Amino acid sequence: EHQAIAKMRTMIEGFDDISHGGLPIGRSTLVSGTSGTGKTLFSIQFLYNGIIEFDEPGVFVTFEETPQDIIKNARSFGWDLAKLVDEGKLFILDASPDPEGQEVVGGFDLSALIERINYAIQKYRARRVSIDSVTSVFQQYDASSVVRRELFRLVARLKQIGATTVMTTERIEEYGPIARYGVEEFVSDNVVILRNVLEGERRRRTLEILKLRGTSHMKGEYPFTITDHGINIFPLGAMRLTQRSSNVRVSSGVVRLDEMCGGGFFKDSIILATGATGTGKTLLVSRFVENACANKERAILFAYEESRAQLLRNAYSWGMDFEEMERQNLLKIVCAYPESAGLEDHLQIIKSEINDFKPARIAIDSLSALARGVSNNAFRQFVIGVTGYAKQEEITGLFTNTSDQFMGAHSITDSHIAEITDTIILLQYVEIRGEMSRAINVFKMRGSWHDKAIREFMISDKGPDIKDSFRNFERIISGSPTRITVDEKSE
Amino acid sequence: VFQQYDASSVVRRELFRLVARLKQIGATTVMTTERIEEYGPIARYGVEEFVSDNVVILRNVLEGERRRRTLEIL
Amino acid sequence: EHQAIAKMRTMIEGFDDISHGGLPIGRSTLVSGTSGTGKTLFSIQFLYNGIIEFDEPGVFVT
Amino acid sequence: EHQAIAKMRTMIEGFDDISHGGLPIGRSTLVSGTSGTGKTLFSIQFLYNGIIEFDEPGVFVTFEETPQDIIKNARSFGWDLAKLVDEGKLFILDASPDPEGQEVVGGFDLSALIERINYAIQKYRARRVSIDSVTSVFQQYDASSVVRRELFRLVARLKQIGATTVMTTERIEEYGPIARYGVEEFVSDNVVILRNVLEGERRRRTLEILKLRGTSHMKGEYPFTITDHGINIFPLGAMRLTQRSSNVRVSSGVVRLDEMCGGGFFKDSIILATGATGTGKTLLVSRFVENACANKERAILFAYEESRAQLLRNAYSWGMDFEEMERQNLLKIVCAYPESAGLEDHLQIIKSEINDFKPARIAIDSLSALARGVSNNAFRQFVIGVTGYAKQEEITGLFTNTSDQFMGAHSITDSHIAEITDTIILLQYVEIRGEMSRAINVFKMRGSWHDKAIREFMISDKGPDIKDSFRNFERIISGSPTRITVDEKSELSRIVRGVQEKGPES
Ligand SMILES: Nc1ncnc2c1ncn2[C@@H]1O[C@H](COP(=O)(O)OP(=O)(O)OP(=O)(O)O)[C@@H](O)[C@H]1O
Ligand SMILES: Nc1ncnc2c1ncn2[C@@H]1O[C@H](COP(=O)(O)OP(=O)(O)OP(=O)(O)O)[C@@H](O)[C@H]1O
Ligand SMILES: Nc1ncnc2c1ncn2[C@@H]1O[C@H](COP(=O)(O)OP(=O)(O)OP(=O)(O)O)[C@@H](O)[C@H]1O
Ligand SMILES: Nc1ncnc2c1ncn2[C@@H]1O[C@H](COP(=O)(O)OP(=O)(O)OP(=O)(O)O)[C@@H](O)[C@H]1O
Ligand SMILES: Nc1ncnc2c1ncn2[C@@H]1O[C@H](COP(=O)(O)OP(=O)(O)OP(=O)(O)O)[C@@H](O)[C@H]1O
Ligand SMILES: [Mg+2]
Ligand SMILES: [Mg+2]
Ligand SMILES: [Mg+2]
Ligand SMILES: [Mg+2]
Ligand SMILES: [Mg+2]
Ligand SMILES: [Mg+2]
Ligand SMILES: [Mg+2]
Ligand SMILES: [Mg+2]
């Protein structure tokens, strides 16, 4: 085998993308982390995918949790372990001590065990072996140097055996040492770390490959999600810039608007409707989702500010009936505070749902309500995650951003998303004659021509009604106009 | 190698010998050492630094979830 | 000899530029880092380039 | 000299200033720092100089490094220690451990070393001593208690002996405890701390005198660099304010300007060129180096923005042949990135280049260039640096500063240097009827009268053309002025109809 390293895909949504193939075959991989990070899971799900997808029996070796439990719990993600032990496809090599015992059994067992292991490997024709909490073994009475020899005995042995491994390790500080003894670190051929960061009293799981000896991989941390279908990792960086682009158009929900956009919104594209509070962003959304119910199509609306009931209300008041929109299963409303989770868990829910309603249009009721309380670098990511998804998926995306300051705002956006958006719809207030009148403007469209003037507009029970530009005013943008009343040419 | 049951001093002396004998042969040598914190001690045992004529550090500085790799000549 | 110190080339793009010539002849250079930072590679690339470019035999201790 | 302690000069660029004269005779200075900080060099240089300048022999006790190498390396700076060890001016005392050693030896040998050293000193009649890396010795199996009593013995006996010793020590962290066992700091008379602070991936070494029992010294950190000549320090605070002032005046390279400046710039003065990007500072600088050459006087240009090539390109297109300036041996362009080393370094190169060329004029295009990344305090300190040298050396200086916000900048400093400067030159944009015109201005001159006008200017292959002022404009400085007319048509040259000729004939 004089070839480049060989990797054996994991089938853990995303791991194979970050590891450019996955755990090098026949070698040991170390997945360490502070309690509650995934570990136990990761290895389980490691074996599983290996069996139910390539018929590569697995050897699981616990050092504390009783086999009966590894099963019990596994039922969490909808998979009966008891079945593969019955079909002899996975062997849970119980290695946890019993209630009673003795001591002074140091390297004593570390040896006998390498026999019971080689045992089941040969016996069950194993290929994927996972040992969870190897650490919970030396936590008997050892020091660094003692550990580095008991571990190295094993791996060295397993490599010989020809089995590809995954060792579990526990850490105390999320960013301190890689493993309880800073010894495993250099004893593994590839190291993986499960980080579960606090910050904001909210948590964010993150997986990383520190190293993979003999191959390239993806440097850095990646957010992952523990759900019902196991671990899931979105390689938001990995995602490529090869989205499909069409010159086909789609209505805005507002005719006169469509006209301004010179034909409408391209199907494959992202639209952003910015404007002070009140301007009516949520309006435009509402109307943009009905137009996808007239052409009998499925679209979704994610609201993080208003409720289910109130939305319906403020919707029946504008004419459009969502009640029906729901019955005719062509429209789906979500609703959830931004505080009920984190961008990682959100980016997913959006994705997930999107797969179970096969939308054609989609709008999020306020991104800025989603950036509420989270670092920019974190939000700017979340968007690139939903923005790209919808993109390489042919779904037209219109999002909502409520600028922090009404009138005079010097930026369609605060978090710095305009660069990410294709078409920009800017609603602003305009103080004329002591009154707060509106205005709508297609700030920019990347393909079309769109209307260059700032057209005023009012809101009635019939919905928006775009009007005429303030041709005779100045400083419109600022918000506080000034009439020219130019005395003609004065005759 | 020192990861068997040794302490700073013992380790300090040992590098001295090793390195030293190697000096005698006339062999230009490059030694690899493992750390713990990207900026913490230069070498695991807080000794290897002063004992070597030349010191090179490879940092895989994290930051913003992105890792940056640097190399320095103390 | 009776002059400054003599260096060897490592032919590692950049390094030999940083080190003002490369590692010093007849001495041990300590390259230390955390898990997955370069070391071994740097050690290997060191020997390799030695052979493949001046025909300088190399011994690697693992 | 008023101090109560007789000091001895190290002859190390800047130390004897910082240490108010040098190391106290008959005592011991603990020079310690992290790794790659300068320690041994400092000791080596210490012995050296006492030998090359006072004919004071000296003993050098090496603990880890080999007696061969200490000579091998010293050559780097151009020191033939072998020749000194030969002339018996420098005895090296090898106490390094063995590649085939046993284990156990750091106490009775300490009783032995004292006796050993007492022999060298007595035999070589030495007046200076340098024990390098005492630390390594205890580094066999010891704790703070055996370190305070064991050093002490050495020091003390050494003191009786009458030798002015220097001891080196290692220490893990750069700002934490001075030395390893955190004990060497109190047994010593003096403590010198060498650091190699990181910060922004670059590296800044500094030297500091925590304490000199009995005298006074300069407090806090002072930046030093290691060159082919050894350690070099900048007492950027021992830089007294006593430079010469002369009402002498010199050319700017622009004659209408010289007017604007009461009759040309002052010789002893600091000139500050500030303006938004693209206004023309760079230019004025050129015409400044040029003129200093058209008068047969030397001057150096340190560009941190443009290349030596491109600097010549735009210079020629503006007239002035820099190609010749170089050959005639009147002008010298340096050119370098600020990211090619921290301030401490830059500040020296500049000095370097000013002693190997002795210019009478010097230009630094874009101080605000050097301010990249660096913390104000560090920049402001460097600015006082260059500025301060050029001020005590009759070396007129033209610094260029580019303001980070064109039109609408409320301070032509950004870094707040407008107090170090003696005279400021102001360039900026003026939106006049949909056009981006420039205008200059002489904001301040300490001793002159200068022109208070905000004259507009235009650039040609020929240079900075100084025209007239926007008398008929309000909110000038604002970038986009307002037109308010009381006249304009007013005389100056009314007479209508056919006033001009054309190209045929006049
Ligand atoms: N059905 C589920 N839905 C959502 N999250 C789950 C589900 N099942 C488990 N989890 C999450 O995954 C974690 C389980 O961790 P697991 O037992 O796999 O190993 P670990 O956290 O790596 O190590 P340790 O044994 O110390 O807990 C729980 O802490 C929990 O947050
Ligand atoms: N029936 C109606 N008739 C006339 N105007 C209405 C009616 N309903 C709402 N409006 C107008 O629309 C605004 C309601 O805001 P809308 O639901 O469009 O979302 P928004 O302004 O984008 O965001 P947010 O509600 O979070 O501030 C009111 O401020 C009001 O001026
Ligand atoms: N062909 C390759 N291309 C790009 N990067 C690689 C390649 N092979 C390995 N790597 C990278 O190098 C790392 C492997 O570390 P390496 O074997 O070079 O020694 P080390 O990090 O100095 O010490 P250790 O034995 O602890 O890993 C991996 O983490 C990976 O990112
Ligand atoms: N000619 C030179 N020009 C510039 N730098 C030099 C020159 N010679 C040596 N150096 C630098 O000087 C330093 C040498 O440090 P030195 O051997 O004097 O003692 P140390 O760093 O204090 O202690 P240690 O024995 O633990 O290394 C190196 O960091 C090296 O980069
Ligand atoms: N040959 C030329 N003819 C006419 N005008 C020129 C010529 N060369 C340059 N200019 C003008 O001079 C300006 C160049 O500025 P200059 O090189 O003097 O330095 P600066 O504005 O101080 O700093 P920087 O150029 O680095 O921003 C241009 O913006 C342009 O209007
Ligand atoms: Mg576990
Ligand atoms: Mg390693
Ligand atoms: Mg709002
Ligand atoms: Mg809203
Ligand atoms: Mg290694
Ligand atoms: Mg050192
Ligand atoms: Mg030294
Ligand atoms: Mg310039």
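Structure's up top.
Right, let's walk through the structure included here.

**Considerations on the coordination of the magnesium ion (ligand 13)**
Residues and elements named next belong to chain D. For the magnesium ion (ligand 13), the protein coordination sphere consists of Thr 282 (OG1) and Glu 305 (OE), at 2.3 to 2.8 Å. Linking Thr 282 in helix α10 (residues 281-293) with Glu 305 in the loop between β15 (299-303) and α11 (310-317), this pair joins segments that are 23 residues apart in sequence. On the basis of relative accessible area, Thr 282 is assigned to the buried category, the value being 16%. The exposure class assigned to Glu 305 is partly exposed, which follows from its relative accessible area of 43%.

**Considering the pattern of salt bridges**
Pairing between side chains of opposite charge can happen when their charged atoms approach one another. For the structure on display, the rule yields 56 salt bridges over all chains. A salt bridge links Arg17(B) to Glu14(B); the nearest nitrogen and oxygen atoms lie 4.0 Å apart. Here the residue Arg17(B) and the residue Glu14(B) both occupy positions in helix α1 (residues 8-25), the gap between them amounting to three residues, near one helical turn. The exposure class assigned to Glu14(B) is partly exposed, which follows from its relative accessible area of 32%. A salt bridge links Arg75(D) to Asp80(D), with the nearest nitrogen and oxygen atoms 3.5 Å apart. The exposure class assigned to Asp80(D) is partly exposed, which follows from its relative accessible area of 35%. In the salt-bridge network here, residues are joined through shared partners; they are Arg195(A), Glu208(A), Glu221(A), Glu38(B) and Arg67(B).

**Brief notes about unusual backbone geometry**
All names here are of chain A. Positive phi, normally seen in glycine, also occurs at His 20, with a value near 40°. Classification of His 20 as partly exposed rests on a relative accessible area of 42%. Unusually for a residue other than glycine, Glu 491 sits at a positive phi of about 95°. Tracing the sequence through the fold places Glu 491 in the segment after β23 (482-483). Taking the relative accessible area as the measure of exposure, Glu 491 reaches 69% and is therefore exposed.

**Side note on the interface of chain B and chain D**
The interface of chain B with chain D comprises 21 residues on the first partner and 24 residues on the second. Counting each side, the surface lost to burial between chain B and chain D is near 2,000 Å², with a carbon and sulfur contribution of 50%. With a closest N to O distance of 2.8 Å, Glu72(B) and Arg203(D) form a salt bridge. On the surface where chain B and chain D come into contact, there are seven residue pairs in polar contact. Those elements that place two or more of their residues in the side of chain B that touches chain D are α1, α2 (48-51) and β3 (70-73) of chain B. The biggest single contributor to the side of chain B that touches chain D is α1(B), with 10 residues. Across the side of chain B that touches chain D, the residue classes break down as seven nonpolar, five polar and nine charged.

**Quick word on the interface of chain B and chain C**
Tallying the contact residues gives 31 residues for chain B and 24 residues for chain C. A per-residue breakdown of the area chain B buries against chain C is headed by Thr28(B), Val30(B) and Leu58(B), which together make up 26% of the total. For the pair chain B and chain C, the number of links is one salt bridge. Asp53(B) is paired through a salt bridge with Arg27(C); the nearest N and O atoms lie 3.7 Å apart. Summed over the shared surface of chain B and chain C, the number is 16 residue pairs in polar contact. Elements supplying a minimum of two residues to the side of chain B that touches chain C: α1, β1 (29-34), β2 (54-59) and β3 of chain B. Of the residues contributing to the side of chain B that touches chain C, the split by class is 14 nonpolar, eight polar and nine charged. Where β1(B) lies against strand β1 (residues 28-33) of chain C, six bridges are found, and the strand directions are parallel. Following the sheet pairing, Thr29(B) is matched in β1(C) by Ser28(C).

**Focus on the site of ligand 2**
Residue and element names in this part refer to chain A. Surveying the vicinity of ligand 2 reveals the residues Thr 277, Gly 278, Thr 279, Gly 280, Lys 281, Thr 282, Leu 283, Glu 305, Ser 317, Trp 318, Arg 438 and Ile 459. Interatomic distance of 2.7 Å between a side-chain N/O atom of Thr 277 and an oxygen atom of ligand 2. Taking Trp 318, its side chain carries an N or O atom lying 3.1 Å from a nitrogen atom of ligand 2. Class assignment of the residues belonging to the shell around ligand 2 gives a composition of three nonpolar, six polar and three charged.

**Some words on the site of ligand 4**
Close to ligand 4 lie 14 residues, the nearest being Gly36(D), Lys39(D), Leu41(D), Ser76(D) and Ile226(D). At ligand 4, the nearby residues belong to more than one chain, namely chains B and D. A distance of 3.5 Å separates an oxygen atom of ligand 4 from a polar backbone atom of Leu74(B). Take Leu41(D): an N or O atom from its main chain is 3.1 Å from an oxygen atom of ligand 4. Protein contact buries 68% of the 650 Å² of open area that ligand 4 shows by itself. Mapped onto the shell around ligand 4, the elements with two or more residues apiece are α2 (39-54) and β10 (221-227) of chain D.

Rules and cut-offs
- Residues numbered from 1 in each chain as written, not as in the entry; some residues may be left out.
- Chains lettered and ligands numbered in written order.
- Part of a larger assembly, values for the part shown.
- Heavy atoms only, no water.
- Donors = N, O, S within 2.8 Å, 3.2 Å for Na, K, Ca; no water.
- Helix = DSSP H or I, 4+ residues; strand = E, 2+ residues; numbered from the N terminus.
- Buried < 20%, exposed > 50% of the residue type's maximum accessible area, 1.4 Å probe, protein only.
- Salt bridge = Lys/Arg side-chain N within 4 Å of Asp/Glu carboxyl O.
- Contact = heavy atoms within 4.5 Å.
- Buried area = accessible area lost by both parts, 1.4 Å probe.
- Polar contact = N/O pair within 3.5 Å; in protein donor to acceptor, adjacent residues only side chain to side chain.
- Nonpolar A, V, L, I, M, F, W, Y, C, P; charged D, E, K, R; others polar.
- Pairing = 2+ DSSP bridges.
- Near = heavy atom within 4 Å.
- Areas by Shrake-Rupley, 256 points an atom, 1.4 Å probe, with all protein chains shown as cover.

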